[PDB]
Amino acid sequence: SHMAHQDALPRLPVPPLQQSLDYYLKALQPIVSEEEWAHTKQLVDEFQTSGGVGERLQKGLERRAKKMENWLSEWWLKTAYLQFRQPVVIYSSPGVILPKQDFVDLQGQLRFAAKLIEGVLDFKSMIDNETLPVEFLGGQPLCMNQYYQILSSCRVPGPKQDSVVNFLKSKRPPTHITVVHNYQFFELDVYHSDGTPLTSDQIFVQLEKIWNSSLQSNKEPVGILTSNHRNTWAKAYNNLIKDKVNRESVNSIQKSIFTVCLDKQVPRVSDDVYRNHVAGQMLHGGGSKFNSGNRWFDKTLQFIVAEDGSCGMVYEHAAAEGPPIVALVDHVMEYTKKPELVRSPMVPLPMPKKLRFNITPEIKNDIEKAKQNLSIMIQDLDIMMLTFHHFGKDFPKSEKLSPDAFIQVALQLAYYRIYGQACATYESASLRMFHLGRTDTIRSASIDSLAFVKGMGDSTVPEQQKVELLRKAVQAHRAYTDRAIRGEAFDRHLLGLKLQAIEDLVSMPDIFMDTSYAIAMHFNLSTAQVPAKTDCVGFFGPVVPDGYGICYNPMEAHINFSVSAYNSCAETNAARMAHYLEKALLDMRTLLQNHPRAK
């Protein structure tokens, strides 16, 4: 970002070896057997002995930190995304459900879309001018690098690994966005010759031309190709761009500031599954027969505007994290609520260029294969959207407890109630207080949380006694959270030690081939909090076949929840997990209310 600000930021540290290993052993106690823990304990001692393997790997990481801006940056981006070969849809690209808008006709839909585009361009002005306000977390300045990765960027299919292109700072920065309607892409300039951005009224006029130039959905949904396996898409992509026209259209899409998807009307569904269907529409598009072909999942930022008033977005994870994305959302949404002023008669405008695609028998086959693949993915995705209206951050705070920790502890309780045991739990932690920092792992399953979930369901433990255990678990989780954001967690560290071993060309350390580590890294619960002023909520698929994907936005009086699971695993059920979570939160409130502290 603004290089001045970035330079004053501390560099991602490398936690002490013995410290991280100690935290690791503690986080394992609640998720592994005594026999397994005892063995790991032995591997740890040997691993960190003087003159041992761990010490050499640690030294390597410290050297890496001295010759790079962030010793973790490239490794993370690579292992977490660029090398992740599964489809980006559902398994990687997070989806976001925004507050439903009130437009009831085409003009209204296009009206909001125009306002949204203008709001994004407004936010972009701060990025180009580097005037974007500095943010804080834990009272520390935060990295703003992510904001210069979301716009005018795109992921690119690679035979072995993927790459990312960013034109935000190219010789002549893109001044156009891409609009998709009925699977057809259009190149739309949102800036005038002089350099000033088009007005909402002006953008609206352009969207109309675009909409009328693609009234029928007869064209092939070429964009659905971006939802297939990366290896398959890499090859299909290479073929697709062999045509001059096709390559030209793709280039326009990749360079576009961002994409706006004008989704078509979808079959009315039951009211008890409506929100789940809107979440699916934002995450994957619903299917090849709906709006899945009306997208380009390699594009970093995709804003979706439904015909029935619904709206949201889906973004490619290799670019940024949640906070930056939601920050842009809060600004855009708040912008669409701003009144109108200058309604002067706008001057004529050019016809948005239509990014055509020359289909061939081979390309057609690729599209069909993509449809088939996407159909399987969607059929296996189990989503449950839960709006916890009972309460929000308000109650936990009135109890002098961290809301997020309260929620995480509630999730642990809910899981234990269902399966009778704890499980490796992952909660995203922001490392933005460090230059180029992304995230680390907060492990919600601990000695204190397990002690709580056990005593909580113990009909032989005094209700007041469960209160102490509850507060202790919450405090323990808050402590872990504070350490994580300060670069004191151990997950990314341990990952670094393993990649370092690989780089040092030494045999894989036993500690990394240990069963305990496999268990610890197999997150049956993958979660993250998406704080936002806008009453929205994010969602993503589970990270493992037998796990859940839980995302939430804690508001003051309520909490927006999203729970995902796979139908391939009979042991998991999104609705059930959501219900136990809701009940878990309530029971914890009841417990605390039944035993006030003040007198």
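Sequential numbering from 1, following the sequence displayed.
*As stated in the PDB record, which stretch has the larger average Cα B-factor, 330-338 or 493-501?*
Higher mean C-alpha B-factor: 330-338.
_Using only C-alpha atoms and the B-factors in the entry, which stretch averages higher, 167-175 or 515-523?_
Here the higher of the two C-alpha B-factor means belongs to 167-175.
_Just to confirm, going by the entry's C-alpha B-factors, which of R85, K219, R483, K397 comes out highest?_
Of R85, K219, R483, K397, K219 has the highest C-alpha B-factor.
*Name the residue from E316, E427, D162, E208 with the greatest C-alpha temperature factor listed in the entry.*
Max CA B-factor in the entry, restricted to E316, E427, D162, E208: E208.
*With respect to C-alpha B-factor, does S562 fall in the lowest, middle or highest third of the chain as deposited?*
Within its chain, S562 is a lowest-third residue by C-alpha B-factor, going by the deposited values.
*State the tercile, meaning the lowest, middle or highest third, of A479 with respect to the CA B-factors recorded for its chain.*
Middle third.
*Would you mind ranking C154 by its C-alpha B-factor against the rest of the chain and naming the third, lowest, middle or highest?*
For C154, whose C-alpha B-factor we compare with every modelled residue in the chain, the answer is the lowest third.
*Would you mind checking where the Cα B-factor of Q372 ranks among the modelled residues of its chain, as the lowest, middle or highest third?*
Answer is middle: the recorded C-alpha B-factor places it there.
*Entry-reported Cα temperature factor of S568, expressed as the chain third it lands in*: Middle third.
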